[PDB]
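Data file: target_26.txt. Format and content: compact mmCIF, C-alpha atoms.
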```txt
# COMPACT_ATOMS: atom_id res chain seq x y z
CA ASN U 1 -29.57 -41.29 44.06
CA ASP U 2 -30.30 -44.88 43.05
CA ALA U 3 -28.44 -47.50 40.97
CA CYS U 4 -31.49 -48.34 38.85
CA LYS U 5 -32.29 -44.64 38.49
CA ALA U 6 -28.77 -43.94 37.19
CA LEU U 7 -29.05 -46.84 34.74
CA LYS U 8 -32.55 -45.81 33.70
CA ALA U 9 -31.44 -42.25 32.92
CA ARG U 10 -28.37 -43.62 31.13
CA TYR U 11 -30.32 -46.06 28.98
CA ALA U 12 -33.15 -43.61 28.19
CA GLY U 13 -32.72 -44.49 24.51
CA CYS U 14 -33.16 -48.14 25.41
CA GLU U 15 -35.02 -50.21 28.00
CA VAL U 16 -33.27 -51.29 31.24
CA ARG U 17 -34.74 -53.85 33.59
CA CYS U 18 -32.88 -53.52 36.88
CA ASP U 19 -32.94 -56.65 39.03
CA UNK U 20 -30.95 -56.40 42.29
CA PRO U 21 -27.25 -56.64 41.34
CA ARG U 22 -28.15 -57.26 37.70
CA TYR U 23 -29.55 -55.14 34.90
CA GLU U 24 -30.87 -56.01 31.48
CA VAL U 25 -30.87 -53.47 28.63
CA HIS U 26 -32.53 -53.80 25.25
CA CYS U 27 -31.75 -51.28 22.55
```

Exercise: express the given structure as structure tokens:
Amino acid sequence: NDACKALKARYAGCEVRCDXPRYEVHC
């Protein structure tokens, strides 16, 4: 597993830029 992977799969309908402890998500 992977944090950014989890977020990526979650925000499939959007765009998520994972950056270390942060993540940015544009819908």

Two-atom distance - CA of residue 23 (chain U), CA of residue 7 (chain U) (Å):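 These two atoms are separated by 8.3 Å.
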
Interatomic distance, CA of residue 6 (chain U) to CA of residue 26 (chain U) (Å, one decimal): 15.9 Å

Using all atoms listed in the file, determine which residues lie at most 10 Å from residue 14 (chain U), disregarding the query and same-chain residues fewer than 3 positions distant; provide the list as a list in words. residues 8, 9, 10, 11, 25, 26 and 27 of chain U

Near-residue 21 (chain U) list (12 Å; all atoms listed in the file; drop same-chain fewer than 4 positions) as a PyMOL selection string: chain U and resi 3-4+7+17

Box along x, y and z, 6 Å on every side, all listed atoms of region 20-26 of chain U inside: centre and edge lengths in Å to one decimal, as JSON.
```
{"center_x": -29.9, "center_y": -55.4, "center_z": 33.8, "size_x": 17.3, "size_y": 15.8, "size_z": 29.0}
```
